[PDB]
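Student: Protein chains in written order, with PDB author numbering: chain X, 5 to 256; chain Y, 5 to 256; chain X', 5 to 256; chain Y', 5 to 256; chain A, 5 to 256. A prime marks a further copy of an entry chain.
Ideal Cβ positions, reconstructed from N, Cα and C, are used throughout, including at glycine.
Mind looking over this structure? Questions follow.
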Amino acid sequence: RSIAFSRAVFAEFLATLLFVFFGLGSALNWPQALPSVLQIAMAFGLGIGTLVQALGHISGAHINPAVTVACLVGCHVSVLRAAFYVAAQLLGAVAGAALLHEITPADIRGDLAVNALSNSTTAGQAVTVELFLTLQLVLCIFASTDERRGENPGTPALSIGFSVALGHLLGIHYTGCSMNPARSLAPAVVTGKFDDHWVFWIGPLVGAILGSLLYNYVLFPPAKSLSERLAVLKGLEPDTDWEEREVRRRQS
Amino acid sequence: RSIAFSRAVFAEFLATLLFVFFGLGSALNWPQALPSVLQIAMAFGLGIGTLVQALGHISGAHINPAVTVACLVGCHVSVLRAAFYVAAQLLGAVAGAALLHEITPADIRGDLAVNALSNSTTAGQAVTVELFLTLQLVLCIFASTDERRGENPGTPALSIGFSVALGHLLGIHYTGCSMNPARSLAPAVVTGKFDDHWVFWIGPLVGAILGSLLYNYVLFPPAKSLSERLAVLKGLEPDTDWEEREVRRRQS
Amino acid sequence: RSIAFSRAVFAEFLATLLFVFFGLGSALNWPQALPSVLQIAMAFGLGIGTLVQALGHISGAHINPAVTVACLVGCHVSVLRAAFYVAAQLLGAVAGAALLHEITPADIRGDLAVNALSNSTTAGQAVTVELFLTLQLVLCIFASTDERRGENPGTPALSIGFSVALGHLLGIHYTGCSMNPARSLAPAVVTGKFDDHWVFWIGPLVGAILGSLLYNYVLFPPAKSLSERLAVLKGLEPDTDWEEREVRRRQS
Amino acid sequence: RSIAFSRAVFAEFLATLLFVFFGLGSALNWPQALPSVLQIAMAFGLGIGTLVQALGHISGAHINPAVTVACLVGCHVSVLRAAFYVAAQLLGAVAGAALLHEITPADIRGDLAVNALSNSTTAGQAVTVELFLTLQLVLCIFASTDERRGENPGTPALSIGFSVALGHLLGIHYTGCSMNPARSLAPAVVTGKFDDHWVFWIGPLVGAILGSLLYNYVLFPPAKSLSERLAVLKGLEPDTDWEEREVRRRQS
Amino acid sequence: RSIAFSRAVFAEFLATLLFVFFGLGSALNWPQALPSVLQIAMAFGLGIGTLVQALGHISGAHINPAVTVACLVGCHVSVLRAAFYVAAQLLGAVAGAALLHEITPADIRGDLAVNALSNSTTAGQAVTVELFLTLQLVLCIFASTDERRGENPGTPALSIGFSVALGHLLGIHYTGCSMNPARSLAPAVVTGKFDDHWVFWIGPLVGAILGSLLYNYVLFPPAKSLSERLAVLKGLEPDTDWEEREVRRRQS
């Protein structure tokens, strides 16, 4: 260690700073125009879309820890690169929400777009929810990150973005929809709401741990490899697709 | 029997529990923010795109039986895999909705987003519309599931999702937009309201049997053949392509 | 003449029957949930997206006469194939709106989603509007239909769809937004409103005549060819992209 | 001087007249249906996608000066073409808006969708936000204008459009979402309200000069180089590719 | 790396989740029938014996952070698999505690088999107690697991079943009996009583660490090793290799 491994951290740093900034502001309980639920789901999912395409190369754009842990339970990511990843998503998230809280005037930062049990739903329900909410996403990710599909490359960006939105449009009412704890952590950090918390620890982790396992062992045949998958995804462009077809034709 | 297929069922058992668990919730009459037709349409279409995206190298994601009947009547598929898949989807649906009944508190779990005739239309109007709602879609599907369009490989997941939504945007006032019985089935199972059921059995079957037949025959082949189609769809990827054989003879 | 030339007519017939059906219903002044302008713009643009992808192969999916006339002023289409095209879009449109008027109950078919000068706008303004409204579209089309771009094939479907929506979100208030007279003709046919009509004859025709000329002569260098462009676009798949690269490598 | 370039200016003279003529109209305070933040965001983003789509083989469609300053500072472009393009865009803007003033009747042409600070925020907040609104975008742009990602060629037009919209969904309450002065400029020209102008001069320049510098250097090269980048962008297509040279030596 | 360890870690999450679910369930202050101590005793103890013979071949089924730190200080385990287990134990415990808190209605989830001072004694006396309570088990475990002792193999599980039974038979009256910090964390965790917390972290940590030195150093002769033991545990059925080399050396 190390060389460029670092820059990819900023890409993830920057990406989430933005995503929270964009998202939460787009998600606050603003009195004059109350973000419609879809407006909110869309904001974040798009944030992700921009981030996943812009800093898509560099990262694989997990822009989700559940997704990265998902990537771990299936071995798409290491254990070292993982913790450093987690860190970037976290501090970036709260940085974005921090700039957001200071760029944002006092009157509409009431809730501050908190992830909160709404309308008398128990946490078991919610955890169950967030679980599948992320699960689908981790799967989306997995499906878009699978090396075995490079002729139809797109769209990690949008696909994963809308898988996030997808979850969002649901968890907003159970939970505000985490699927991606940072979305739920940053605002909570800035103003302080811990009611029925763990929900977004296990559901998502499960759903993500699920999604991966489903992907990497259940749905793994000659395909969702382990070493080569990482070699490729981490290898990035100009990737392949290519080397296989060249060396193969030269051969036969 | 069997190989990896199981994993696809699990992929699909997984898939429908989700689309429904997310879905139904997204369309309830929440008094604070009552979902617009469009928001709900978006929920599912997004769902479709993600699930269709998540579990493909394993399952293929028709995420519609009429579409299977379409693909079936279009000879895109055979006779056994159909019945076993239908079962997996149904039980996933009620799995999510029971988990949901358990996930959902007592005071607001009333209608449960049942598919029901809206705005003084007879059953025949509803069935008629669903025909086309699905037809446009099945066509979108068949065209997007088209192997033969690798020059414009895009955009299966979202095309079908947004076709589903397209259908939703009209079909919500005529039918609530089933285009796909399970969505109507799960909640109905849980609560007990059954008038003029068959309406939402017939239309989709017409429109889909149409769309396929229109697509697979009226528009014969369209390059697709019948069985050739099945071969390609079965190889999953990788396997036998036009440009492959091209670059391969050019060098010998 | 002739062989398959015919089937492509149905593809265009079917496509627009649907698009109007979907669109107008999605565009009527329904009292309970008044289609939001965007809902309306989206419905049609999507209709187009489905149609442009589904029957995208077959057609090039003008799903717009202005676009086809555009294709003519630049020679992307013939004069015979043109009139037969116009006919299909027209009778299909009104067929769809006819089924729509009969499938649709009496109370909300008041206006019937008419293209109408709204809020004291003169026709000169409107014609000027619709002009550019379609113009952009014809251009979109032209940009997506250009043979010279086959490595980035997509998305005639969506691109053109949203170029239609794009115009829609505007002309809805000037005009209801034609950009594509059929959208304006069919409902008007079924119920009968001819106030300030010609607007949607010249603006769009101009804007489309413009868009093409801009494309085919202004913006035409070794590229927006005339004969070969047609050979290719009409030639359809498996097109090229290909033959050029093969025969070229075999050569050099 | 000169060759075909003129056609691109005309392509672009054409382009901005449009985006604005459509745009401003889409965002007015129509009393019957008052545009939601989202509807308006959609209007423009769709605009961007279409215009960016329409006139590319000729112009390239930054459809943002900050983006040029980004591409400029990122060495994606030189020093003269900038000034002449800026002029073409500006005059197109006022062309549409004057045609619009002529296109628009007296009773409702009041504010004219002016960019103005909303919800008690200081100029510095506005400028700060626009930074990021644009930054995410410029990054999206640069990543989508990336030659180097041909394994995932998608999705420039819409990515940038929806990034523009993403920016819109937050930026409307902070700034109305300029991300691009002309949108604010045309109407303002027509009506005369000029307080604290400079705000919307500075932010975009920061965020875009950032995004590029972040993209072109902080994230150095990123494969892009400086000049190499310019070469590729200049060849337009067709010209010098990686897989081309591959298949070409393989046969010799 | 890696081979078998993985699932083998996951099993402990699961395992402790069990022992505690049962455990707490058997030790509650149900108003109607307050568990007689032996009921509870045989409950936990037979429970463990079950968990040990059951999950003996994969993990060693410490089912106790104490038992692991013993396995640790005895140089019977590596350092990582431990942190991993224990995390999994704790995390498992509380997973279970959520599931248990969910399984139970509000009226009788009062005490929650909290390890809790019942019937009048100070904490120091209580800890002095938890130490020996866990240690006798640690020793019986060490006593029944000796590779060096084969003439009295049966019945590790049962004698142990009966050992933990025997321990609770005492521990219910005073406390309900942890012997397993995890077992004590979970309830306290969910119910919120971190009263005398360290008591059940230190005692078990402490009591476990003694037995470990006596078996492995003080009472160490030509047998109770470091290495041979670890190798045997690490191997399993098959992949074990010391026993053949021994028989091969012995038959000649």
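1) May I ask you to report which of helix, strand or coil DSSP gives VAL71 (chain Y')?
2) Can you check whether the C-beta of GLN57 (chain X) is within less than 7 Å of a C-beta belonging to chain Y?
3) With a CB to CB cut of under 6 Å and the five nearest residues on each side skipped, what residues in its chain are close to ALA190 (chain Y)?
4) Give the straight-line distance between the Cα atoms of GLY29 (chain Y) and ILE67 (chain Y'), rounded to the nearest whole angstrom.
5) For a contact meaning CB atoms closer than 7 Å, what does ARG254 (chain Y) contact in chain Y'?
6) Looking at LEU50 (chain Y') and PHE166 (chain X'), is the spacing between their C-beta atoms short of 7 Å?
7) Which residues, in chain order, does the segment 91 to 121 of chain A contribute to contact with chain X at a C-beta distance below 7 Å?
8) Closest to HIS105 (chain Y) by C-alpha separation, out of X:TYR89, X:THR125, X:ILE107 and X:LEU104, would be which residue?
9) Pull up the distance between the alpha-carbon of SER231 (chain A) and that of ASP150 (chain A), whole angstroms please.
10) Can the beta-carbon of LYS197 (chain A) be found closer than 7 Å to that of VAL118 (chain A)?
11) Scan the segment 49 to 106 of chain Y' and note each continuous alpha helix (DSSP H) run of 4 residues or more that stays entirely inside, going in chain order.
12) Which class does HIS201 (chain Y') belong to by DSSP, given the choice of helix, strand or coil?
13) State the DSSP-derived secondary structure class of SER216 (chain Y'), mapped to helix, strand or coil.
14) I'd like to know if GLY158 (chain Y) contacts chain X', where contact means its C-beta is closer than 7 Å to some C-beta of that chain.
15) Alpha carbons only, please: which of X':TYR178, X':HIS177, X':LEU174 and X':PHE204 is nearest the one belonging to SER188 (chain X')?
16) Rounded to a whole number of angstroms, what is the C-alpha to C-alpha distance between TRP246 (chain Y) and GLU155 (chain X')?
17) Would you say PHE166 (chain X) reaches chain Y, if we count a Cβ-Cβ gap shorter than 7 Å as a contact?
18) Is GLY27 (chain Y) near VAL142 (chain Y), with beta carbons less than 7 Å apart?
19) Cα-Cα, which of Y:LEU21, Y:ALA110 and Y:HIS201 is closest to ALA91 (chain Y)?
20) Exposed or buried, which one is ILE145 (chain A) when buried takes at least 16 other CB atoms within 10 Å?
21) Can you pull the chain Y residues whose beta carbon is under 7 Å from the beta carbon of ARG11 (chain X'), in chain order?
22) What do you reckon, are the CB atoms on residue 266 (chain Y') and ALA70 (chain Y') nearer than 7 Å?
23) Please classify residue 1 (chain Y'): does DSSP put it in a helix, a strand, or coil?
24) Sorted by chain position, which residues of the same chain lie with C-beta nearer than 7 Å to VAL73 (chain X)'s C-beta, five sequence neighbours on each side aside?
25) Between the beta-carbon of residue 269 (chain A) and the beta-carbon of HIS172 (chain A), is there less than 7 Å?
26) So, does the CB of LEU42 (chain X') fall closer than 7 Å to a CB anywhere in chain Y'?
27) Short of 8 Å Cβ to Cβ, which residues in the segment 164 to 189 of chain X' face chain Y'?
28) Name the two residues that bound the continuous alpha helix (DSSP H) containing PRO39 (chain X).
29) Can you tell me whether residue 1 (chain Y) is helix, strand or coil according to DSSP?
30) So if I threshold CB-CB distances at 8 Å, which residues from the segment 201 to 232 of chain X count as touching chain A?
31) Could you give the distance in angstroms between the alpha-carbon of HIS177 (chain A) and the alpha-carbon of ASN123 (chain A)?
32) Where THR195 (chain X') and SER148 (chain Y') are concerned, what is the direct C-alpha to C-alpha distance, given to the nearest angstrom?
33) Looking at the structure shown, is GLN255 (chain X) part of a helix, part of a strand, or coil, going by DSSP?
34) Since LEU143 (chain X) meets chain Y, which of its residues come closer than 7 Å, beta carbon to beta carbon?
35) For a contact meaning CB atoms closer than 8 Å, what does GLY78 (chain X) contact in chain A?
36) Could you work out which residue in X':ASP111, X':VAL168, X':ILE112 and X':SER163 is closest to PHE136 (chain X') when comparing CA atoms only?
Tutor: So, from the listed chains and residues:
1) Taking the first residue of the fourth sequence as position 1, residue 71 (chain Y') is located at position 67. Correct three-state label for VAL71 (chain Y'): helix.
2) Your numbering for residue 57 (chain X) matches position 53 in the first sequence. Output row for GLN57 (chain X): interface = no.
3) Stepping through the second sequence from its first residue, residue 190 (chain Y) is reached at position 186. Closer than 6 Å at Cβ, skipping near neighbours: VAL24, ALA97, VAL98 and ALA101.
4) For this step, residue 29 (chain Y) is matched to residue 25 along the second sequence. For this step, residue 67 (chain Y') is matched to residue 63 along the fourth sequence. Taking the straight line joining both Cα atoms gives about 40 Å.
5) Position 250 of the second sequence, counting from 1, holds the residue named residue 254 (chain Y). Those within 7 Å of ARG254 (chain Y) in chain Y' are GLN255.
6) Translated into positions along the third sequence, residue 166 (chain X') becomes position 162. Translated into positions along the fourth sequence, residue 50 (chain Y') becomes position 46. Contact flag set, yes.
7) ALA99, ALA102 and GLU106
8) Counted from its first residue, the second sequence places residue 105 (chain Y) at position 101. Out of X:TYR89, X:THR125, X:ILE107 and X:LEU104, X:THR125 has the C-alpha closest to the C-alpha of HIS105 (chain Y).
9) Start at 1 with the first residue of the fifth sequence, and residue 231 (chain A) comes out as number 227. Start at 1 with the first residue of the fifth sequence, and residue 150 (chain A) comes out as number 146. So the alpha carbons of these two residues sit roughly 13 Å apart.
10) Within the fifth sequence, residue 197 (chain A) is the residue found at index 193, counting from 1. Within the fifth sequence, residue 118 (chain A) is the residue found at index 114, counting from 1. For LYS197 (chain A) and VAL118 (chain A), yes; Cβs fall inside 7 Å.
11) When DSSP assignments are scanned along the segment 49 to 106 of chain Y', the uninterrupted stretches of alpha helix (DSSP H) that are 4 or more residues long and fall wholly within it turn out to be 69 to 77.
12) Locating residue 201 (chain Y') in the fourth sequence gives position 197, counting from the first residue. Three-state result, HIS201 (chain Y'): coil.
13) Mapped onto the fourth sequence, residue 216 (chain Y') falls at position 212. In the structure shown, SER216 (chain Y') sits in a helix (DSSP, three-state: H, G or I).
14) On the second sequence, position 154 is the one that residue 158 (chain Y) refers to. Yes - at least one Cβ of chain X' is within 7 Å of the one on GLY158 (chain Y).
15) Within the third sequence, residue 188 (chain X') is the residue found at index 184, counting from 1. Of X':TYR178, X':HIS177, X':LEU174 and X':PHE204, the residue nearest in Cα terms is X':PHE204.
16) Residue mapping note: residue 246 (chain Y) aligns to position 242 of the second sequence, counting from 1. Residue mapping note: residue 155 (chain X') aligns to position 151 of the third sequence, counting from 1. Rounded to the nearest angstrom, the two C-alpha atoms are 16 Å apart.
17) For this step, residue 166 (chain X) is matched to residue 162 along the first sequence. Taking Cβ atoms only, chain Y reaches closer than 7 Å to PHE166 (chain X), which makes this a yes.
18) As a first step, residue 27 (chain Y) is located in the second sequence; it is residue number 23 there, counting from the start. As a first step, residue 142 (chain Y) is located in the second sequence; it is residue number 138 there, counting from the start. Contact flag unset, no.
19) Along the second sequence, read from residue 1 onward, the residue named residue 91 (chain Y) stands at position 87. For the residues Y:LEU21, Y:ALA110 and Y:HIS201, the minimum Cα distance to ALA91 (chain Y) belongs to Y:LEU21.
20) Mapped onto the fifth sequence, residue 145 (chain A) falls at position 141. With a threshold of 16 other beta carbon atoms within 10 Å, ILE145 (chain A) meets it and is buried.
21) On the third sequence, position 7 is the one that residue 11 (chain X') refers to. Those are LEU223, listed as they occur along chain Y.
22) Lying outside 5 to 256, the shown extent of chain Y', residue 266 (chain Y') is not represented and no answer is given.
23) Any answer about residue 1 (chain Y') is impossible in this case: the structure gives chain Y' only from 5 up to 256.
24) As a first step, residue 73 (chain X) is located in the first sequence; it is residue number 69 there, counting from the start. Closer than 7 Å at Cβ, skipping near neighbours: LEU209, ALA212 and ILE213.
25) Residue 269 (chain A) lies beyond the residue range present for chain A, which begins at 5 and ends at 256; the question has no answer from this structure.
26) Along the third sequence, one-based indexing puts residue 42 (chain X') at 38. Chain Y' contact via Cβ: present.
27) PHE166, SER167, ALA169, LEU170, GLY171, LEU173, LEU174, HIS177 and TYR178
28) Here residue 39 (chain X) is taken as the residue at index 35 of the first sequence, counted from 1. Note, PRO39 (chain X): premise wrong, no alpha helix (DSSP H); not H, not E.
29) Missing from the structure shown is residue 1 (chain Y); chain Y here goes from 5 to 256 and no further.
30) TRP202 and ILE206
31) For this step, residue 177 (chain A) is matched to residue 173 along the fifth sequence. For this step, residue 123 (chain A) is matched to residue 119 along the fifth sequence. If you take the alpha carbons of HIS177 (chain A) and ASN123 (chain A), they lie about 7 Å apart.
32) For this step, residue 195 (chain X') is matched to residue 191 along the third sequence. For this step, residue 148 (chain Y') is matched to residue 144 along the fourth sequence. Cα to Cα, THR195 (chain X') sits roughly 47 Å from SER148 (chain Y').
33) Position 251 of the first sequence, counting from 1, holds the residue named residue 255 (chain X). Reduced to three states, the DSSP call for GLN255 (chain X) is helix.
34) Taking the first residue of the first sequence as position 1, residue 143 (chain X) is located at position 139. Here the neighbours are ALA58 and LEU59.
35) The residue given as residue 78 (chain X) occupies position 74 in the first sequence. Under the 8 Å cutoff, chain A gives no residues; its nearest Cβ is about 11 Å from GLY78 (chain X).
36) For the purposes of this step, residue 136 (chain X') is taken as residue 132 along the third sequence, with counting starting at 1. Ranking X':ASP111, X':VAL168, X':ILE112 and X':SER163 by Cα distance to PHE136 (chain X') puts X':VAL168 first.
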